[PDB]
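**Student:** Dumping the structure here so I can ask a few things about it.
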Amino acid sequence: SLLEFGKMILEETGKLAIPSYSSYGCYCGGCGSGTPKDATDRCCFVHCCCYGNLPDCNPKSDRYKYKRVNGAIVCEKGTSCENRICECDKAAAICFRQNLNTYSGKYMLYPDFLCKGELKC
């Protein structure tokens, strides 16, 4: 669920999802189109695509279980959808962490009209 995803993000980056990633670039929190602005925005694009591979799952509301094996994120066994949603979220959280060094405030609250493009999953 997006509540867990938010908690996973906070644990990984030290940043609150809802400021930091809910209105970043063209794909973070409310994604539609254009070319990802930077690495962090690309993490969100791939994340939107990952959810897209799961048409009959409900990522925003289905809760999965995960544990931290001192540092590592380990998705615990649930339904097929829960397992796959968890892997999508885990990847996004790791991607965010790997690209914290280029996170840029100038991309927060990025205007829709500047998202011009076509990028297929």
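Think of each number as a place in line: the chain as shown, counted from 1.
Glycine too: its Cβ is placed from the backbone N, Cα and C atoms.
Below are the features I grabbed from Swiss-Prot:
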ACT_SITE  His47  active site
ACT_SITE  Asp89  active site
DISULFID  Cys28-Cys44  disulfide bond
DISULFID  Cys43-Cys95  disulfide bond
DISULFID  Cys50-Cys88  disulfide bond
DISULFID  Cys57-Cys81  disulfide bond
DISULFID  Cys75-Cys86  disulfide bond
**Student:** Taking only the Cα atoms, work out how far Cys75 (disulfide bond) lies from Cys44 (disulfide bond), in Å, as a whole number.
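**Tutor:** Pair distance, Cα basis, whole Å: 20 Å.
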**Student:** Given the recorded positions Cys28, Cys57, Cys81, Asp89, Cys95, tell me which ones have a C-alpha lying within 10 Å of the C-alpha of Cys50 (disulfide bond).
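**Tutor:** Near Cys50 (disulfide bond), where near means Cα within 10 Å, the recorded positions are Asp89.
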**Student:** For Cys75 (disulfide bond), list the number of other Cβ atoms lying within 10 Å of its Cβ atom.
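**Tutor:** Excluding its own Cβ, the number within 10 Å is 18.
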**Student:** Using DSSP, would you call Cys57 (disulfide bond) helix, strand or coil?
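**Tutor:** The three-state answer is coil.
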**Student:** Cβ distance under 8 Å to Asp89 (active site), same chain, sequence separation 6 or more: which residues?
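**Tutor:** For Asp89 (active site), the qualifying residues are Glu4, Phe5, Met8, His47.
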**Student:** At the Cα level, what's the spacing in Å between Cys43 (disulfide bond) and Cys81 (disulfide bond), rounded?
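**Tutor:** The separation of the Cα atoms works out to 21 Å.
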**Student:** DSSP three-state call for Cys75 (disulfide bond): helix, strand or coil?
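**Tutor:** Going by the DSSP assignment, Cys75 (disulfide bond) falls within a strand, counted as strand.
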**Student:** Between the disulfide-bonded residues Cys28, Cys44, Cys57, which lies closest to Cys95 (disulfide bond), Cα to Cα?
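**Tutor:** Closest candidate to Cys95 (disulfide bond), judged by Cα separation, is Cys44.
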**Student:** Between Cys28, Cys81, which of the disulfide-bonded residues has the fewest other CB atoms within 10 angstroms in the structure shown?
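**Tutor:** Across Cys28, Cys81, these disulfide-bonded residues, the one with fewest Cβ atoms within 10 Å is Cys81.
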**Student:** Counting distance between Cα atoms, which of the disulfide-bonded residues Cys57, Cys81, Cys86, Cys88 is nearest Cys28 (disulfide bond)?
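**Tutor:** Considering only the listed disulfide-bonded residues, the nearest one is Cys88.
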**Student:** Counting only other Cβ atoms and using a 10 Å cut-off, which of the disulfide-bonded residues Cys50, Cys86, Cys88 scores lowest?
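**Tutor:** Least crowded of the disulfide-bonded residues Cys50, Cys86, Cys88, by Cβ count within 10 Å, is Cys50.
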**Student:** Could you check which of the disulfide-bonded residues (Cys57, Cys81, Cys86, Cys88) sits closest to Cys44 (disulfide bond), going Cα to Cα?
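**Tutor:** Its closest listed neighbour, by Cα, is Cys88.
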